[PDB]
Every structure is written in structure tokens, then in C-alpha cells.
Amino acid sequence: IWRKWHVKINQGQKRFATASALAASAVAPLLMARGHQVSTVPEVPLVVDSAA
Amino acid sequence: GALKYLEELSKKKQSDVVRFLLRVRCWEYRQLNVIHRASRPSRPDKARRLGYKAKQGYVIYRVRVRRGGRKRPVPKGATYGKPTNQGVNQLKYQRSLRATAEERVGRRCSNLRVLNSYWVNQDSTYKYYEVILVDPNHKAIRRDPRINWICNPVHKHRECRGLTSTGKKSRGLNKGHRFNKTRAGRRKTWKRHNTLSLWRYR
Amino acid sequence: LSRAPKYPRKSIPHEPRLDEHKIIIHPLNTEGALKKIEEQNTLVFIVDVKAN
Amino acid sequence: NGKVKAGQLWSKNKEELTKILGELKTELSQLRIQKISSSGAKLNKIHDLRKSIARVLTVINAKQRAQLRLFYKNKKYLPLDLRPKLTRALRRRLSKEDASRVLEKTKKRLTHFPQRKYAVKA
RNA sequence: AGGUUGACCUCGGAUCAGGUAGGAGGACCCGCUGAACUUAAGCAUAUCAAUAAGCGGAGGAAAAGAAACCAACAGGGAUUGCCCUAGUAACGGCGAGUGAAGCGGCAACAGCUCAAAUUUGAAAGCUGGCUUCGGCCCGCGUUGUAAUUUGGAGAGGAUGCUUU
């Protein structure tokens with residue numbers, strides 16, 4: 001059980017990867033290449049009113 | 001009070017009066033049994049400062065133990081291993097003869113709890129102790145808040161676990177740099193220093 | 001002095017452990033018993049092992 | 001027949017309970033010989049009388065113990081079977097009053113300086 | 001009656017009245033006792049190891065614990081445990097090796113009881129037995145049970161307000 005199970009990652013690298021994923025989520029070709037069905041989505045990124 | 005005078009007289013153990021009393025009492029105790037009940041403490045000041053009270057449930061037992069070192073129970077008194085450059089005559093027991101006396105008195109009276117014990121006399125062969133014991137099942141003991149802690153099951157056989165005064169002295173439970181290895185428990189400290197602590201995000 | 005207890009240790013005295021319904025279980029229906037009935041005026045029973 | 005309900009037994013007193021016990025034991029002793037002599041539906045009946053004897057003995061014992069507890073209601077020493085069982089350590093444990101006894105100096109200190117109810121403004 | 005009648009002290013008896021101990025479990029805990037294989041070219045220091053086996057004693061935790069402490073600072077402030085101190089100070093044949101602690105951050109925090117005093121204008125204290133539950137008895141105890149005091153103080157005064 002004293003095998004190394006967890007990985008310690010720099011928080012700066014974690015934040016970098018989260019920002020890169022957020023930037024990639026706004027690219028409509030990347031959504032289709034990742035497999036989402038976004039052909040009927042009116043705009044990317046999709047922002048809905050908070051009153052709803 | 002008289003007990004101040006008894007304390008200052010008990011400090012002078014080489015005076016003529018104290019040596020005479022110790023001699024006659026050693027004779028009496030050597031012709032009595034090895035373990036026998038004392039009707040009252042022969043050193044009332046020492047018993048009182050160690051916790052004895054003239055209340056039902058407090059018992060005094062007098063005991064003599066053979067003084068000196070110890071010997072390993074090996075055949076013909078010899079070891080068949082690597083040479084140790086020393087004989088079995090010079091091995092020292094790690095607990096006191098006082099602690100041995102408290103254990104034997106507790107085994108004799110298994111229904112009581114050993115509170116403390118004190119030196120009363122000695123000769124070339126024996127050392128003599130008087131042991132204070134408390135009855136946990138006596139109502140006078142159980143109703144008194146100054147002593148009813150001993151009725152709890154965690155204080156069963158303090159003399160067998162080193163929780164008496166001589167046990168603390170032999171375990172070295174003192175504060176400071178001279179007691180670095182033993183102040184919190186020697187084997188516990190060794191296990192703490194020898195454990196390998198591995199964290200998740202190491 | 002004899003004992004004069006302030007309370008009985010056993011509140012209810014126990015019933016006879018070996019009474020007659022436990023002593024006699026059933027007779028024997030074998031030909032040995034049936035022969036002994038006519039030739040010996042003897043009845044054969046199966047009884048408790050602890051009964052004399 | 002021979003299946004005595006416990007609701008009937010809970011109203012009887014000692015002597016007729018012993019009489020019912022005796023007649024059930026007698027009929028059981030007869031029907032064991034009937035069992036070893038022939039095969040029939042009497043095996044259900046011997047089972048019923050065994051359970052009926054058990055019920056009668058249970059009712060008699062319960063009433064005896066209730067009467068003994070009423071007799072020993074106000075006495076200092078009770079029989080060991082009528083004393084509460086708990087565990088051995090629980091029986092040897094200090095009573096609540098002896099555990100809650102405090103010294104008189106402690107009583108004075110807790111009387112004149114207890115734990116107060118307070119709050120700290122932000 | 002005095003060759004008698006008793007009081008204490010010590011030691012005994014009882015299937016006396018009431019209780020308690022033993023064994024199990026033993027992963028963790030507190031002690032005692034205690035190796036060798038192994039590693040040092042071999043090997044009596046050493047290392048394995050203050051371990052395994054053996055023995056005694058507890059609990060849901062145990063143990064420790066309110067300084068005869070650390071320090072040498074502008075001083076910290078019971079105990080325990082984690083990180084760090086630190087593979088450091090230090091110890092060690094012919095060297096293989098061994099190896100803490102103060103400070104600092106954190107989890108959690110909690111403080112107290114006796115002996116040594118004359119209540120002396122009143123043993124004020126307590127086990128047990130019987131109770132009509134009001135109490136009454138047999139006793140323990142003055143070779144000291146209550147209240148008071150524990151070093152942070154306290155005892156005595158003075159003083160005027162607060163507290164239950």
C-alpha cells in the first residue's frame with residue numbers, strides 16, 4: 001500500500017491547464033472534434049440568462 | 001504536631017536511638033513472616049505524607065525482599081553463545097526491590113490497590129518495606145473524592161505496570177534534556193523515531 | 001456460628017431435575033420384551049440413563 | 001386439543017397451573033407410548049403438548065419472579081438472579097452519586113465562579 | 001472477692017454479615033526479561049536490536065501531564081501528536097554504521113488534590129445493623145476522621161463594596 005498513488009502537481013500548472021481548457025472550450029471546431037453535437041448551438045460560448 | 005519531630009528524627013538514621021530501634025525492629029521483622037500485615041504504620045509521618053489515612057479501607061502490609069542483583073536461569077549458570085566478558089553474578093535488575101515488594105504484596109492482596117510504599121529497615125540479607133493499600137470496594141473509600149480515583153478500573157495493579165512512585169523513578173519520567181529517551185515512554189519514543197511516515201502528496 | 005444470610009443466593013428453588021416423566025420414556029416393543037412378558041412376568045422399558 | 005394458549009394461562013394462579021402441567025405431562029407420557037406402538041397424527045399432538053408444557057412452565061416462572069420482585073421491592077439485599085445483570089465491569093463501576101461527589105472547596109468555587117454565558121462583539 | 005475483677009495491645013477461629021481477586025482477549029498500550037541468523041574480508045567492540053520469542057498488568061484508548069523544564073532571548077511556559085529542525089550536534093574496531101533535542105508553524109487545549117498548623121468554646125467526620133424512614137444502636141477514629149491551606153501562594157489584620 002505504500003506505492004505512490006497520488007501525484008503532486010504545481011498549482012500554477014494546474015491553473016495554466018484550466019485556462020487552456022477554458023480557451024479551448026470557446027473554439028467551436030474543437031467541440032466537434034472532441035465529439036459534442038453543437039451544430040444547433042446558436043453561439044459559442046453559449047451564455048444563457050441568469051433569470052432562467 | 002509531632003510528625004515534624006518524627007521527620008527530623010527519621011532524617012538522623014545513625015543516631016543511637018534510631019539505630020537501637022532499627023536493630024530491635026529488624027530482629028522482630030526477621031522472626032515474623034516474609035509478607036505479613038502490620039496493624040499500624042511503624043513510620044506514621046512517612047505513611048501520612050505518602051497518603052495513608054486512619055480510615056477504614058487503608059491497609060498496611062510489611063514485606064522483606066532479598067537484596068542484591070539477579071541471575072539468569074540458565075543451566076549451570078553459564079551461557080552457550082558469544083562471549084560476554086562478564087558473569088551472571090553482576091547482572092542488575094532494572095526495577096527496584098521496593099517495586100518487587102509492592103508486586104508481591106499486591107499478589108498477596110489482589111482485592112486491594114497499592115497506593116505507595118516506604119523503606120523501614122534493612123540488613124545484609126533483606127530490605128524491609130511497608131506498603132499502603134486501599135480497598136476500592138469499601139464505601140468509605142468510594143464516597144471520598146480525594147481517594148475514589150483508585151476505584152476506577154484504569155488503576156488496577158499500578159505496581160505491576162510501573163504507575164507507582166518507584167515505577168516512575170525506574171521508568172525515568174522526568175522533564176528535561178537528561179531524560180530525552182524515556183520521558184514519554186521509551187518504547188513508544190523508539191517506535192515514533194523508527195516509524196516511516198509517507199504522505200499522499202510526497 | 002452457622003450461616004444466617006441476609007438474602008437468599010437463589011431466589012427460586014429448582015424443580016426436580018429427574019422426575020418420573022423423564023425417568024420413564026417408553027417400553028420396548030422387541031421380541032425379547034414380548035417373550036419376557038409371557039414367560040417371565042417381566043416388563044422391559046427404555047428409561048433415562050441417569051436413573052437408578 | 002393440547003395446544004394451550006398463553007392468554008388463557010396468564011389469568012390462572014398457581015395450583016390450577018400445576019394441575020394443567022400435570023395433566024399435560026400425563027397425556028404426553030401416554031402419547032409417547034402411542035407413538036412407539038403405532039403411527040398416526042398424534043405426533044402433531046405430542047409436539048403441541050411439549051410446547052404447552054413449555055408455556056405453562058414459563059407462565060409459572062414469570063409469576064413467581066414477579067411476586068419475588070414485589071417482595072424484595074423495598075429491601076437492601078436482593079437475590080443474585082433478581083439483581084440487574086448488566087456486565088461485570090458495569091456492576092463494579094462507581095455509582096452516579098459517588099462519581100458526582102465533589103469536595104467542599106470545589107463546591108464553593110463552582111458556586112461563586114461557574115462557567116458563564118458570554119459573547120464577544122465584533 | 002484482690003490467688004479477684006477488668007481495660008488495652010498483639011495474634012487467632014467461624015460454611016459468621018457483606019464484598020472482592022483469579023480466566024478469556026491481548027491488533028493498539030505500560031513494564032520486565034531477552035537472542036541469534038544478518039552486516040562488518042573472517043571476527044570476541046559494534047550491527048541486527050534496547051527487535052523476535054518468554055513473563056506480568058489495563059483500557060476504549062493506554063501512557064504522559066500541570067516544570068527541581070527550556071533557555072541565555074526584547075525571554076518562552078503542563079502533556080501528546082504532525083511538519084520542520086535534520087541525516088544536523090554527537091557516538092563509532094581495521095568502520096561498517098548509528099543518531100537526538102531547544103526554537104518555529106500546526107492539531108488540541110484545562111486545571112488541580114494532599115503531607116507538613118490546635119476545631120480545642122465542645123470529631124464538627126465515617127463503615128455497618130435495626131427502622132415507625134423521624135432517628136436509634138454496635139463501632140472506626142485523638143498513634144487524627146471533617147472544615148482551612150498547597151507556593152500561582154497563603155495565615156493574621158485593616159477596609160468598604162460585591163456574590164450565592
# chains A, B, ... in the order shown; residues from 1 in each chain; ligands from 1
>>> closest_atom_pairs(of="chain E", to="chain C", cutoff="8 Å", atoms="only C-alpha atoms (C1' of nucleotides)", output="JSON lines")
{"residue": "E:14", "atom": "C1'", "partner": "C:1", "partner_atom": "CA", "distance": 5.9}
{"residue": "E:15", "atom": "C1'", "partner": "C:3", "partner_atom": "CA", "distance": 6.5}
{"residue": "E:16", "atom": "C1'", "partner": "C:1", "partner_atom": "CA", "distance": 5.6}
{"residue": "E:17", "atom": "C1'", "partner": "C:5", "partner_atom": "CA", "distance": 7.3}
>>> residues_around(residues="residue 148 in chain E", least_positions_apart="4", cutoff="12 Å", atoms="only C-alpha atoms (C1' of nucleotides)", output="number ranges by chain")
D: 104-105; E: 117, 119, 154-155
>>> write_last_selection(atoms="N, CA and C atoms (P, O5', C5', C4', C3', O3' and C1' of nucleotides)", output="PDB file, in the first residue's frame")
ATOM      1  N   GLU D 104     -15.727  20.201  49.196  1.00  0.00           N
ATOM      2  CA  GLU D 104     -16.498  21.386  49.559  1.00  0.00           C
ATOM      3  C   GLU D 104     -15.834  22.660  49.044  1.00  0.00           C
ATOM      4  N   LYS D 105     -14.501  22.674  48.970  1.00  0.00           N
ATOM      5  CA  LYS D 105     -13.807  23.799  48.346  1.00  0.00           C
ATOM      6  C   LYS D 105     -14.160  23.912  46.866  1.00  0.00           C
TER       7      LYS D 105
ATOM      8  P     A E 117       3.321  20.590  61.449  1.00  0.00           P
ATOM      9  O5'   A E 117       2.065  21.187  60.673  1.00  0.00           O
ATOM     10  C5'   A E 117       0.756  21.100  61.220  1.00  0.00           C
ATOM     11  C4'   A E 117       0.449  22.279  62.105  1.00  0.00           C
ATOM     12  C3'   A E 117      -0.894  22.219  62.834  1.00  0.00           C
ATOM     13  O3'   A E 117      -0.756  22.830  64.114  1.00  0.00           O
ATOM     14  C1'   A E 117      -0.793  24.173  61.541  1.00  0.00           C
ATOM     15  P     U E 119      -6.854  22.273  63.991  1.00  0.00           P
ATOM     16  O5'   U E 119      -8.396  22.572  64.239  1.00  0.00           O
ATOM     17  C5'   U E 119      -8.950  23.847  63.955  1.00  0.00           C
ATOM     18  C4'   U E 119     -10.181  24.101  64.784  1.00  0.00           C
ATOM     19  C3'   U E 119      -9.940  24.317  66.270  1.00  0.00           C
ATOM     20  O3'   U E 119      -9.631  25.667  66.566  1.00  0.00           O
ATOM     21  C1'   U E 119     -11.719  22.775  65.945  1.00  0.00           C
ATOM     22  P     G E 154      -3.581  33.629  48.010  1.00  0.00           P
ATOM     23  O5'   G E 154      -3.895  32.297  48.818  1.00  0.00           O
ATOM     24  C5'   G E 154      -4.401  32.355  50.140  1.00  0.00           C
ATOM     25  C4'   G E 154      -3.597  31.495  51.079  1.00  0.00           C
ATOM     26  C3'   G E 154      -3.689  31.877  52.543  1.00  0.00           C
ATOM     27  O3'   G E 154      -4.850  31.360  53.163  1.00  0.00           O
ATOM     28  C1'   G E 154      -1.425  31.538  51.955  1.00  0.00           C
ATOM     29  P     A E 155      -5.787  32.322  54.035  1.00  0.00           P
ATOM     30  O5'   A E 155      -5.100  32.309  55.469  1.00  0.00           O
ATOM     31  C5'   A E 155      -4.693  31.092  56.075  1.00  0.00           C
ATOM     32  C4'   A E 155      -3.854  31.358  57.296  1.00  0.00           C
ATOM     33  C3'   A E 155      -4.340  32.494  58.175  1.00  0.00           C
ATOM     34  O3'   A E 155      -5.368  32.086  59.059  1.00  0.00           O
ATOM     35  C1'   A E 155      -2.016  32.720  57.796  1.00  0.00           C
TER      36        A E 155
END
>>> residues_around(residues="residue 7 in chain C", least_positions_apart="4", cutoff="9 Å", atoms="only C-alpha atoms (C1' of nucleotides)", output="PyMOL selection string")
(chain C and resi 11) or (chain D and resi 77-80)
>>> atom_distance(atom1="CA of residue 22 in chain B", atom2="CA of residue 46 in chain B")
15.4 Å
>>> select_by_dssp(residues="range 3-177 of chain B", states="strand (DSSP E or B)", output="number ranges by chain")
B: 35-38, 58-66, 70, 91, 113-122, 126-134
>>> atom_distance(atom1="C1' of residue 64 in chain E", atom2="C1' of residue 109 in chain E")
15.0 Å
>>> residues_around(residues="residue 58 in chain E", least_positions_apart="2", cutoff="8 Å", atoms="only C-alpha atoms (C1' of nucleotides)", output="ChimeraX atom specification")
/B:153-156 /E:29-30,62
>>> select_by_dssp(residues="chain D", states="helix (DSSP H, G or I)", output="VMD selection string")
chain D and resid 6 to 9 14 to 37 42 to 71 88 to 92 96 to 100 104 to 112
>>> interface_residues(of="chain C", to="chain D", cutoff="10 Å", atoms="only C-alpha atoms", output="JSON, numbers by chain")
{"C": [6, 7, 8, 9, 10, 11, 12, 20, 21, 22, 24, 25, 26, 27, 28, 29]}
>>> interface_residues(of="chain D", to="chain E", cutoff="9 Å", atoms="only C-alpha atoms (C1' of nucleotides)", output="list in words")
residues 104, 111, 112 and 113 of chain D
>>> residues_around(residues="range 21-28 of chain A", least_positions_apart="4", cutoff="10 Å", atoms="only C-alpha atoms (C1' of nucleotides)", output="CSV table (one decimal) with N, CA, C and O atoms, in the first residue's frame")
chain,number,residue,atom,x,y,z
A,15,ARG,N,-3.5,25.7,-12.9
A,15,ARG,CA,-4.2,26.9,-13.3
A,15,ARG,C,-4.0,27.1,-14.8
A,15,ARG,O,-4.9,27.5,-15.5
A,16,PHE,N,-2.8,26.9,-15.3
A,16,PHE,CA,-2.5,27.0,-16.7
A,16,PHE,C,-3.3,26.1,-17.5
A,16,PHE,O,-3.9,26.4,-18.6
A,17,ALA,N,-3.4,24.8,-17.1
A,17,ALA,CA,-4.2,23.8,-17.9
A,17,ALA,C,-5.7,24.1,-17.8
A,17,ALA,O,-6.4,23.9,-18.8
A,32,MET,N,-16.6,20.0,-31.8
A,32,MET,CA,-16.9,19.0,-32.8
A,32,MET,C,-15.9,17.9,-32.8
A,32,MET,O,-16.2,16.7,-33.0
A,33,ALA,N,-14.6,18.3,-32.8
A,33,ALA,CA,-13.5,17.3,-32.8
A,33,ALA,C,-13.5,16.4,-31.6
A,33,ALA,O,-13.1,15.3,-31.6
A,34,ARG,N,-13.9,17.0,-30.4
A,34,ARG,CA,-14.0,16.3,-29.2
A,34,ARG,C,-15.3,15.5,-29.1
A,34,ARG,O,-15.4,14.5,-28.3
A,36,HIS,N,-18.8,16.7,-29.4
A,36,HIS,CA,-20.1,17.2,-29.0
A,36,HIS,C,-21.0,17.5,-30.2
A,36,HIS,O,-20.4,17.8,-31.3
A,38,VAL,N,-22.9,20.2,-31.5
A,38,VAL,CA,-23.1,21.6,-31.3
A,38,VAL,C,-23.5,22.3,-32.6
A,38,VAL,O,-23.4,23.5,-32.8
A,39,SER,N,-24.1,21.5,-33.5
A,39,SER,CA,-24.5,22.1,-34.8
A,39,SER,C,-25.7,23.0,-34.7
A,39,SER,O,-25.9,23.9,-35.5
A,41,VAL,N,-26.3,24.8,-31.8
A,41,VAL,CA,-26.0,25.8,-30.8
A,41,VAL,C,-25.9,27.1,-31.5
A,41,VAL,O,-25.2,27.3,-32.5
A,43,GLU,N,-24.6,30.1,-30.5
A,43,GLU,CA,-23.3,30.8,-30.4
A,43,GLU,C,-22.4,30.0,-29.4
A,43,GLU,O,-22.9,29.4,-28.4
A,44,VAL,N,-21.1,30.1,-29.6
A,44,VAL,CA,-20.1,29.5,-28.8
A,44,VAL,C,-19.2,30.7,-28.3
A,44,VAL,O,-18.6,31.4,-29.1
A,45,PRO,N,-19.0,30.9,-27.0
A,45,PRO,CA,-19.6,30.1,-25.9
A,45,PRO,C,-21.0,30.5,-25.6
A,45,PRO,O,-21.4,31.6,-25.8
A,46,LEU,N,-21.8,29.5,-25.2
A,46,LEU,CA,-23.2,29.6,-25.0
A,46,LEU,C,-23.5,30.2,-23.7
A,46,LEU,O,-23.2,29.6,-22.6
>>> decode(residues="range 119-138 of chain B", atoms="N, CA, C and O atoms", output="PDB file, in the first residue's frame")
ATOM      1  N   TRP B 119      10.524   2.504  52.738  1.00  0.00           N
ATOM      2  CA  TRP B 119      11.578   1.754  53.407  1.00  0.00           C
ATOM      3  C   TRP B 119      11.447   1.891  54.916  1.00  0.00           C
ATOM      4  O   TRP B 119      11.244   2.991  55.435  1.00  0.00           O
ATOM      5  N   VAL B 120      11.572   0.776  55.633  1.00  0.00           N
ATOM      6  CA  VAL B 120      11.540   0.833  57.088  1.00  0.00           C
ATOM      7  C   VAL B 120      12.804   0.304  57.748  1.00  0.00           C
ATOM      8  O   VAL B 120      13.177   0.827  58.811  1.00  0.00           O
ATOM      9  N   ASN B 121      13.506  -0.662  57.157  1.00  0.00           N
ATOM     10  CA  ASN B 121      14.680  -1.258  57.787  1.00  0.00           C
ATOM     11  C   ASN B 121      15.390  -2.116  56.746  1.00  0.00           C
ATOM     12  O   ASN B 121      14.837  -2.418  55.686  1.00  0.00           O
ATOM     13  N   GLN B 122      16.627  -2.502  57.059  1.00  0.00           N
ATOM     14  CA  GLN B 122      17.388  -3.390  56.189  1.00  0.00           C
ATOM     15  C   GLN B 122      18.493  -4.062  56.992  1.00  0.00           C
ATOM     16  O   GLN B 122      18.883  -3.582  58.059  1.00  0.00           O
ATOM     17  N   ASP B 123      18.983  -5.181  56.464  1.00  0.00           N
ATOM     18  CA  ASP B 123      20.153  -5.872  56.993  1.00  0.00           C
ATOM     19  C   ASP B 123      20.966  -6.369  55.803  1.00  0.00           C
ATOM     20  O   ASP B 123      20.792  -5.901  54.674  1.00  0.00           O
ATOM     21  N   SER B 124      21.878  -7.309  56.059  1.00  0.00           N
ATOM     22  CA  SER B 124      22.735  -7.813  54.990  1.00  0.00           C
ATOM     23  C   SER B 124      21.963  -8.644  53.975  1.00  0.00           C
ATOM     24  O   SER B 124      22.342  -8.689  52.799  1.00  0.00           O
ATOM     25  N   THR B 125      20.894  -9.310  54.401  1.00  0.00           N
ATOM     26  CA  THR B 125      20.174 -10.212  53.513  1.00  0.00           C
ATOM     27  C   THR B 125      18.913  -9.588  52.932  1.00  0.00           C
ATOM     28  O   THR B 125      18.632  -9.774  51.743  1.00  0.00           O
ATOM     29  N   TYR B 126      18.161  -8.832  53.726  1.00  0.00           N
ATOM     30  CA  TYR B 126      16.850  -8.354  53.321  1.00  0.00           C
ATOM     31  C   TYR B 126      16.763  -6.840  53.416  1.00  0.00           C
ATOM     32  O   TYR B 126      17.491  -6.193  54.174  1.00  0.00           O
ATOM     33  N   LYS B 127      15.851  -6.290  52.624  1.00  0.00           N
ATOM     34  CA  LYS B 127      15.369  -4.928  52.770  1.00  0.00           C
ATOM     35  C   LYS B 127      13.889  -4.984  53.111  1.00  0.00           C
ATOM     36  O   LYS B 127      13.145  -5.796  52.547  1.00  0.00           O
ATOM     37  N   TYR B 128      13.470  -4.134  54.041  1.00  0.00           N
ATOM     38  CA  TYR B 128      12.130  -4.180  54.602  1.00  0.00           C
ATOM     39  C   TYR B 128      11.339  -2.958  54.167  1.00  0.00           C
ATOM     40  O   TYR B 128      11.810  -1.821  54.281  1.00  0.00           O
ATOM     41  N   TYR B 129      10.124  -3.200  53.689  1.00  0.00           N
ATOM     42  CA  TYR B 129       9.251  -2.144  53.217  1.00  0.00           C
ATOM     43  C   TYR B 129       7.881  -2.308  53.850  1.00  0.00           C
ATOM     44  O   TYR B 129       7.488  -3.397  54.272  1.00  0.00           O
ATOM     45  N   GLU B 130       7.165  -1.193  53.925  1.00  0.00           N
ATOM     46  CA  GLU B 130       5.769  -1.169  54.333  1.00  0.00           C
ATOM     47  C   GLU B 130       4.959  -0.566  53.199  1.00  0.00           C
ATOM     48  O   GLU B 130       5.297   0.509  52.695  1.00  0.00           O
ATOM     49  N   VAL B 131       3.904  -1.265  52.794  1.00  0.00           N
ATOM     50  CA  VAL B 131       3.128  -0.940  51.607  1.00  0.00           C
ATOM     51  C   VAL B 131       1.731  -0.527  52.041  1.00  0.00           C
ATOM     52  O   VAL B 131       1.080  -1.234  52.824  1.00  0.00           O
ATOM     53  N   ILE B 132       1.282   0.621  51.540  1.00  0.00           N
ATOM     54  CA  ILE B 132      -0.058   1.141  51.770  1.00  0.00           C
ATOM     55  C   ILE B 132      -0.961   0.610  50.666  1.00  0.00           C
ATOM     56  O   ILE B 132      -0.619   0.684  49.481  1.00  0.00           O
ATOM     57  N   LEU B 133      -2.111   0.071  51.048  1.00  0.00           N
ATOM     58  CA  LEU B 133      -3.091  -0.429  50.102  1.00  0.00           C
ATOM     59  C   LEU B 133      -4.455   0.147  50.446  1.00  0.00           C
ATOM     60  O   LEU B 133      -4.747   0.445  51.605  1.00  0.00           O
ATOM     61  N   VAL B 134      -5.281   0.313  49.421  1.00  0.00           N
ATOM     62  CA  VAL B 134      -6.595   0.928  49.544  1.00  0.00           C
ATOM     63  C   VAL B 134      -7.627  -0.054  49.013  1.00  0.00           C
ATOM     64  O   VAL B 134      -7.415  -0.685  47.973  1.00  0.00           O
ATOM     65  N   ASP B 135      -8.735  -0.199  49.737  1.00  0.00           N
ATOM     66  CA  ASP B 135      -9.812  -1.086  49.320  1.00  0.00           C
ATOM     67  C   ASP B 135     -10.742  -0.327  48.387  1.00  0.00           C
ATOM     68  O   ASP B 135     -11.423   0.603  48.838  1.00  0.00           O
ATOM     69  N   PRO B 136     -10.819  -0.681  47.102  1.00  0.00           N
ATOM     70  CA  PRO B 136     -11.717   0.054  46.199  1.00  0.00           C
ATOM     71  C   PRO B 136     -13.186  -0.251  46.420  1.00  0.00           C
ATOM     72  O   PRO B 136     -14.033   0.519  45.958  1.00  0.00           O
ATOM     73  N   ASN B 137     -13.516  -1.338  47.111  1.00  0.00           N
ATOM     74  CA  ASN B 137     -14.896  -1.745  47.316  1.00  0.00           C
ATOM     75  C   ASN B 137     -15.475  -1.273  48.641  1.00  0.00           C
ATOM     76  O   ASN B 137     -16.621  -1.608  48.952  1.00  0.00           O
ATOM     77  N   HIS B 138     -14.721  -0.513  49.426  1.00  0.00           N
ATOM     78  CA  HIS B 138     -15.219  -0.015  50.699  1.00  0.00           C
ATOM     79  C   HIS B 138     -15.942   1.309  50.490  1.00  0.00           C
ATOM     80  O   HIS B 138     -15.458   2.181  49.760  1.00  0.00           O
TER      81      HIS B 138
END
